[PDB]
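One structure below.
Order of the sequence lines sets the chain letters (A, B, ...), proteins ahead of strands, with each chain counted from 1. Basis for what follows: all heavy atoms, side chains included, without hydrogens, waters or symmetry-related copies.
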Amino acid sequence: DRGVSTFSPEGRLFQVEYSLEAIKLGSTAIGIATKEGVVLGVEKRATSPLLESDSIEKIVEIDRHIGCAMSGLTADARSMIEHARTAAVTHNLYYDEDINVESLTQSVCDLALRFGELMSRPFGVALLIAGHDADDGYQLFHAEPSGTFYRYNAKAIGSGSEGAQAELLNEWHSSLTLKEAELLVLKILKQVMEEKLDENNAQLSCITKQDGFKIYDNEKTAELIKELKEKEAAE
Amino acid sequence: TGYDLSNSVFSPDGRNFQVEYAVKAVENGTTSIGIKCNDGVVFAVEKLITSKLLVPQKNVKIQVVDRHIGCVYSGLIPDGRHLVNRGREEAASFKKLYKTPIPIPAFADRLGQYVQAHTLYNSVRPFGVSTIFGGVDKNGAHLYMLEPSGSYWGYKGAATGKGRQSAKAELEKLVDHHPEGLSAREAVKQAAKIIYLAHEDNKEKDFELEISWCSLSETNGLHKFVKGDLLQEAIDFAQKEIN
Amino acid sequence: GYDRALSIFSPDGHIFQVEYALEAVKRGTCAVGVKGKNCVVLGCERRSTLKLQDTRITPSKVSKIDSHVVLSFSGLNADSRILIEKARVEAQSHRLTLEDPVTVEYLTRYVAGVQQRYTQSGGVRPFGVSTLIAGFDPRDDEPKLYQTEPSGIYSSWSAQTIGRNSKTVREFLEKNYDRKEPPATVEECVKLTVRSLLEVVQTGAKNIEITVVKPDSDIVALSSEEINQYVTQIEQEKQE
Amino acid sequence: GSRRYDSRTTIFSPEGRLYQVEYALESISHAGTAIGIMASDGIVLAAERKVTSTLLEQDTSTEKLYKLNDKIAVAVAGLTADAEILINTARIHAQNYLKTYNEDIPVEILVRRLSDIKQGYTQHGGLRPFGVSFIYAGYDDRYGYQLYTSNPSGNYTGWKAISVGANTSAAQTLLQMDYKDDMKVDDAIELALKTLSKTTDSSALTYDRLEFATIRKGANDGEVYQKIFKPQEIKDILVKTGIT
Amino acid sequence: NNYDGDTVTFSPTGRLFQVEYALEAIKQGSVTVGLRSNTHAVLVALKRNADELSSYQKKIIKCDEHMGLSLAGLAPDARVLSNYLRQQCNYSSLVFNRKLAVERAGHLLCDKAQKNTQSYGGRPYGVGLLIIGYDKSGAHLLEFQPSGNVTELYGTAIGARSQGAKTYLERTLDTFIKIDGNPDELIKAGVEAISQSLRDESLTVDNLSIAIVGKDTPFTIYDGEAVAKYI
Amino acid sequence: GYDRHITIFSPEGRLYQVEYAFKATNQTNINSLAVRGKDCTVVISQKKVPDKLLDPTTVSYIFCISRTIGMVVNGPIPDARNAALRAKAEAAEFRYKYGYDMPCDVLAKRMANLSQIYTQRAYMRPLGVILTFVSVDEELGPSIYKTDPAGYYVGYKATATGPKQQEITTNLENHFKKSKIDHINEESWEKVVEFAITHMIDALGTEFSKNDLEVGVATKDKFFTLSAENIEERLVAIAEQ
Amino acid sequence: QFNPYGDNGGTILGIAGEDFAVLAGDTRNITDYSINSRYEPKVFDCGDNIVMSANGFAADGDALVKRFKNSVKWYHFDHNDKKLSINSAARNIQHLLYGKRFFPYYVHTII
Amino acid sequence: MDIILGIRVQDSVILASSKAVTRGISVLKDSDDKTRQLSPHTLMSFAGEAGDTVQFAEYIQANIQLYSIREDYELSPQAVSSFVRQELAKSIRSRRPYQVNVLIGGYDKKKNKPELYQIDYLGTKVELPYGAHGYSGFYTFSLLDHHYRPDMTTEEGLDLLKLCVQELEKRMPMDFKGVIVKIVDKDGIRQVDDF
Amino acid sequence: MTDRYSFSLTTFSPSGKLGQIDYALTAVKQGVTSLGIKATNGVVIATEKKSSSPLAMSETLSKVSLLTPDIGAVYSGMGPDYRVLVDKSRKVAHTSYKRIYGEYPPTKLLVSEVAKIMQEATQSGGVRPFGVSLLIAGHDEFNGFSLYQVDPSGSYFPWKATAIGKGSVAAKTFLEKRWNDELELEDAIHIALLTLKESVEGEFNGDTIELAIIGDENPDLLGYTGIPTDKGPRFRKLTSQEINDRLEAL
Ligand SMILES: [Cl-]
């Protein structure tokens, strides 16, 4: 075999590159940042109709001001979320304040390369970290198993990512309302998803300064789905 | 086969190919020399000027251990620095326990055992440097050369790097022509000449000369770098001999 | 300490050791979980190439983790004991610190976390086990059924099966289980569970185990005759 | 580094099997056959020694049958050296339990712990598994007489009658044929010897190639006695059933 | 080929392929330039984005009030190494009340990178660094390679197409070295230097990153509208 | 065939790494010889200094382990010095722990045990050296004990090691067949050194100058090496007879 | 027996206004009945518009100030040069002090 | 803490434990239950150092409950008492020992017999017809030596226990705020509410 | 650095063989012949002293070793492996027995401890098995005289008489014809010398043969007097002269 921390001749770490292929097999997750808030949406993708879809938990709270969506080997995310929550709460204990979204993301990304021969392999999951702080406002971050994180105005990860990202390139502008962003996530999710999109196989969420991080009800999302279908038929 | 894929494995000859492969990395490096003299030692090295952008006199390669030992090496420069860092730890613990500064033969074996230890296991790589070093102690002057295998001997003169054969030939002439001995100031001048003569084997890029010395009379038994007037005088002596 | 990274990514983005652990689950005897309106029933296949068995003392396929939660599995039997032991210890530890027994979701989340840890720790192989975890939360009458697998993912199921020929029994459950109307009684739930196993098993003799869990720590295992009555009744309705 | 020479003893095959466990079982299938039969009033342990030499000291010898405590014994099939490591661990475990609870250890508890140790060597540590299969014969006041078996995988099961080692397939068919539930110890003794005699790879079954033991309540009133048979006693029991 | 499985193996010609592959990761990285006079030292870095929706990966990191670096290659490795430099600078201040000499900073990075090239299990760092600073002996510029080799220079550049800027600085050597007591001109020279490494893309406002340290100037970084002056 | 890379058994029950360490023994192309007198133990070894730039005084394969014990090595100098430092440390510790000087045979056993470990443990390679220990033991008298990479060791009446060891061995055998005794029947160590050089000359068929040889001598309460002039004085005595 | 504590005397005083705050302290440093220094400052500017004094045992006082000053430096490094607010400084200093709960800094601290 | 008593009669073990929790010059609680059910037919009462008592009791409870779930079986009172003794015997040579004294009342279902064990913080175990920890024993042992008979009923045992509490309420310096009485027999553990 | 070999070097092959143990037994087969014979009032263990050179002093190399005053050991296979096993065996007799019970271990239990050590070299990380088979002869009060063989696997068997190494197949057959349960110690020594001559090729005398017995207590070899219960070692190494005396009436 070969070392886990081995470089390829092109100057890339084999294991990190291979974990990126695992993330491409994952279910789609989309995030859009606006000046009214950040929206996070995911494809649930139940493997069987007997599986109770509301137990599928791919959008997750880190703190009141920070939320997170995932794609790939979702079991790998549990310890990442556990670290994120502890980092967030610990900072509040040490400094009597909310921790910056970027600082949270950097802390999660410090775990990433702590593998070798520390854990035995990189994480097989990518994270979309969305939040708000007083300094830099509403932010969306894409955290990879390489230990790298980019800030995004909008970002898609998972199987339908490259098609959804191209769509986000056209649709995003700096004046989007929260409602406009919600519909846009639903629209792009419906495009790249295999099965037909409804309130049971897709989930929405947002983070606002006023109300913090909220996962939407299936009733609330269903109305946004109905509002979306009516608007596309209206021209 | 496959005997050369792992360090510390004997080939059917009884050889450790990984060490021999480390020697190839040394042969690829720049030339460095050592000349033993009447009451001390002189070290010199070739510094290839890769670009105009290199700050002259500011990428120092010769290293001091304690206050009386000088070290220079050819090959993988980082590996040489690791060896000197160990040498400094060894010398510090010797002086701590025994008070007196570490004798040169004692210091030579400390490096030797440490380098030899990196040929015992497959979980470490051999050192990619040959190190020329020495100084003055209670028994006078000593010059040593240490190789990747851990092998070292005492030398009248020593050379390693890409121009080692040219430098060795020039060293042998000095030993033959001066049976009684060479003076410290003379050895500095000769060191400059030999580096310039050994530069013929690396003549694409032009170079920068660096010299150091330890002498009982000239430097009071301490390691010092040759700078300014004494350096330029040595450079001029070397320039006159190539033409 | 033995450090080797045994679970690693391959060029196509798969962790083969985790996937090969799923094959061990596929080899294991079939296990099924069905939850009714007021109960959960765990059914388990027992292979009949082993006669001269002593069923009094042979390890049962369904294990009590606490008085209100049970765990069945498919895959390596030896591996399952390690998960069951850890789960039982966590159950008592939870009662000690929180002063309340575990929820079925929590107990599942713990067992699943253990399984995940063995997929990115050096010197260990993943568990060759998938589990069905069923029960009722303290002071709650809503039935709970969860499934875990070697990778570490877990989820809730109205009805689910694991092990060999589980795809056949899953097919059966997918058309015979109505979400709008789950088996209203204990009898209905046991029958649907026995029916589903009879698609795969062989004889309904000493090949099927059935365990019924009801609210407030009410767990009982059915005997041969009790199960045999379901087998006899189902076959007579079939000849039509 | 050392990765080059690692056999990876604790990994899955593409089919989901443990290479080293399977190969250890293959090793055990060449070891001398051992049989356990559980009767209503006792248990029989019978085992065939591996091809004996005439100069072997037979009376002061122990290869197959070992005592764990006064109520529990084991029959061994596989590497003897590996078995003794596990036997000493099992002996200590029994004493730990007795020290803790002031009661003799229940048979299953001892069997589970020994089987858990075997399991560990298949999941972590990078070491080869123990090439041993045990037949456990014992008594406690909960389940009475019990037979168990464990193998290199760390999996254990309970039995009325069972064989390990060589020719288990043929041995099990013969036991399955003549065994019944109301059987007595003296009948079980005969069944055990008859089965070995038919499945043996030797020319004829003799006293010097056998180890034998019984666990009866045939002491005086409500207590259990372990009888590891002496050479002459095996010679007599072999004549009494008419095998020699 | 057969000798690139790990860092602990020499090839038959005496090469360390894992170290060379780490060196390759720097070549794929975005260009960054370093240059100095006798009074100031300047870093200029071209930042890279994932797409038009993403931010531009930050290339410059502050280590102390008098020292900092720019990165090309694996960014997490730069974070580890910069953190180590922050600690070493800090140790020197707390224990000796002494600002860490830029030369010692280079020696410390060399030795930290070296240890990862001689032991089993580890890997070389996959990033190159350009360290600038102002200490008791004036302005300095260092080039760090993950082989362990650290080199003091008047000017240099690393990353993709760094050869263009490196040639330019080699021509401009006599000019920019004497830009003393003038920050904006030294930066202009560095911005013109990095322009020799551009292809199809030009320097925009959220693309350019500049840092400066000097005699009466703490290490400070300029991004966004603060670099519009230099386009 | 990874059984040839580490110290595990081959199908024929051999350890190839141990065997290849034996071949490393002759890499220096030097022959050594040891004999016993009445009062002394003499060891001699060839001294080849090919490079003119070497300081000949630093080129040595004979080591003073303790005041009483000397050791000559056949094999590469790095492994030779490794063995020498360990032997010195072991002999020093023995004296501290047990209150008396470590005997030559006990040190030989100890170094042989260490060598055995490298043949059984995988992470440690064998040292490519053969170690010949000499002394005048206070109990056993003149003593020669020799260690190899297999971890084997034994006492000797006399011994030889190197590429042309067999020629020297038979030469010594034939002398002891003739003399009918276990040692050199000589009073002074000077003449035992002369015997050693004489019989090495006959066996190898070469003449020696003062710089072609290296001599170690063990007497009661001290082991010492000879200078070039001490050897020259010895060479003159042989020539004038 | 060695006593790891001493008393360096002096006194400090803090008052807050509407849009300002003062932190005052005398410059005398003493042991027993002797004066060590007539001018040894113990009120320090720690950056981010925070002034601090740790009065009592001067060695502990200097150590604490030194650690807090360092904490401000790393707060910038780790949180994008964000200004450390006075309330966050206060909470941070609590953890510095309580970290040595069983071998305390022998000082009264005011920021 | 302070007063814990135990009486083994014909068919049951009766434990009586004081209700007071006092700290300084304040009775903080007068309804404290100084007991834990280890298994359906095994009850343990405890007294000693504040904090240590409950921490030890619950730690033992967790272990016995763990054993019960693992083996699907109830340990005998003798087995439980030996486990508890060993834990205390370990504890006494620890850096900080558990300063807890216990009584274990259990009904052995295999023997159909009540059993009472007295164990102190040193790990000193004895099986007794009646037991007490602390200063209580200085009054109750002599009283029970006189009035106790081995063939008494549960009702006779309760009257015998009333006699002990009355004596303690007369001669003890501290107000222990009465006792909670619990009975262990073939049908398990139940509490007497009116005592 | 550090021992990275934390994994087994002996593993099961598909056929079920343990390769390294088999290969260790092959090394034992190449080894010089040694044997043991049990008499009614003693035990004899013997082997050939294969000299590496005539300049070597074969007295300094002991193939037969005292483990306790009543237990001795001989081997076939790799000498260095045997030497370190004797060191460990002597120590374990003290640490795990004499320092606990104030007396020496019985033969079977010391054998059991050596067997354990050899088994661990078959399973532990980064080691090969020992390349030796041992024959251990001894006496203890409650078991009398005994003779055990220990193999590289860690297995041990009690023997009336046996041989191991080079010509073990022929030597075992020879011993089967001669051994009876009434042999006196002197008769067993005689048979041992006869059996060994078949496998020895060159010189056959007291200097090329090594032989020791476990028999009567030797008060003259105790080194002190005054304690009645201490009566001396039952292990005795026969001298070169004592062997030659018996080779005349051969
Ligand atoms: Cl030793």
Side-chain angles (χ1 to χ4, degrees), chain A residues 3-17 113 116 146-148, chain B residues 25 50 59 75-82 85 125 127-129, chain E residues 3-11 14-32 34 43 45 57 59-61 63 68-86 88 105-132 141-153 156-160 162 166:
Chain A
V4 167
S5 302
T6 312
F7 277 108
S8 70
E10 295 81 46
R12 303 203 213 85
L13 297 168
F14 284 110
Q15 285 289 118
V16 174
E17 295 297 297
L113 289 186
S146 60
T148 309
Chain B
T50 315
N59 286 299
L76 305 185
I77 300 305
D79 281 19
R81 277 193 54 79
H82 178 97
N85 286 144
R125 171 177 60 78
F127 283 92
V129 280
Chain E
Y3 310 85
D4 66 340
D6 41 48
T7 339
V8 88
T9 312
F10 271 114
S11 75
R15 306 165 71 186
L16 304 171
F17 279 105
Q18 278 298 300
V19 176
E20 285 184 27
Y21 296 169
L23 257 36
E24 197 62 39
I26 303 165
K27 256 70 78 68
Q28 316 301 346
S30 189
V31 67
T32 178
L43 289 168
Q57 186 86 335
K59 304 270 279 168
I60 298 167
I61 306 165
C63 286
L69 69 264
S70 68
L71 68 99
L74 271 174
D77 285 8
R79 171 162 165 75
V80 171
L81 290 168
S82 62
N83 190 263
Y84 176 73
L85 249 181
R86 284 170 168 178
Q88 289 304 311
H107 297 308
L108 290 162
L109 287 171
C110 166
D111 297 342
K112 209 212 194 300
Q114 190 284 146
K115 289 170 176 185
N116 278 238
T117 67
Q118 196 161 204
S119 304
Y120 170 70
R123 64 162 177 84
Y125 291 92
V127 73
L129 305 166
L130 304 180
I131 304 96
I132 59 163
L141 165 68
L142 263 49
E143 185 185 327
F144 165 87
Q145 275 172 212
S147 61
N149 290 297
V150 179
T151 299
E152 186 165 7
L153 296 137
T156 187
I158 51 165
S162 58
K166 199 166 182 176

Next on the checklist: So does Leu142(E) get a backbone contact from the side chain of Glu152(E), meaning a donor-acceptor N/O pair under 3.5 Å?
Outcome noted: no
Next on the checklist: I'd like to know if the side chain of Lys59(E) and the backbone of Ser30(E) have a donor-acceptor N/O pair within less than 3.5 Å.
Outcome noted: yes
Checklist entry - So, for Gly106(E) and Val150(E), which heavy atoms are closest and what is the spacing to 0.1 Å? => result O-CG2, 3.4 Å
Checklist entry - Given side chains that start at C-beta, do those of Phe7(A) and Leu13(A) come closer than 4.5 Å, heavy atoms only? => result yes
Next on the checklist: Please find the pair of heavy atoms, one from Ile158(E) and one from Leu129(E), that lie closest to each other, and give the distance.
Outcome noted: CD1-N, 3.9 Å
Next on the checklist: For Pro78(B) versus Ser147(E), what's the shortest heavy-atom pair and its separation?
Outcome noted: CG-O, 3.4 Å
Item to check | Interatomic distance, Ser119(E) atom OG to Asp6(E) atom CG [nearest 0.5 angstrom] | outcome: 11.5 Å
Next on the checklist: As an exercise, state the distance from CD1 of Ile77(B) to CG of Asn59(B), rounded to the nearest 0.5 Å.
Outcome noted: 10.5 Å
Next on the checklist: Measuring from atom CG of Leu16(E) to atom CG of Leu23(E), what distance do you get when rounded to the nearest 0.5 angstrom?
Outcome noted: 10.5 Å
Next on the checklist: Give me the atom names and distance for the closest heavy-atom approach of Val31(E) to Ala160(E).
Outcome noted: CB-O, 3.5 Å
Item to check | Gap between atom CZ of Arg86(E) and atom CD1 of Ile61(E) - 0.5 Å precision | outcome: 6.5 Å
Item to check | Inter-residue atom distance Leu74(E).CG - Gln28(E).CD, 0.5 Å rounding | outcome: 11.0 Å
Checklist outcome for this item: When rounded to the nearest 0.5 Å, the distance separating CG of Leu81(E) from OH of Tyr125(E) is 5.0 Å
Item to check | Heavy-atom check, side chain of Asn85(B) versus side chain of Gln114(E), under 4.5 Å | outcome: no
Item to check | Any side-chain heavy-atom pair of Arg123(E) and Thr6(A) under 4.5 Å | outcome: no
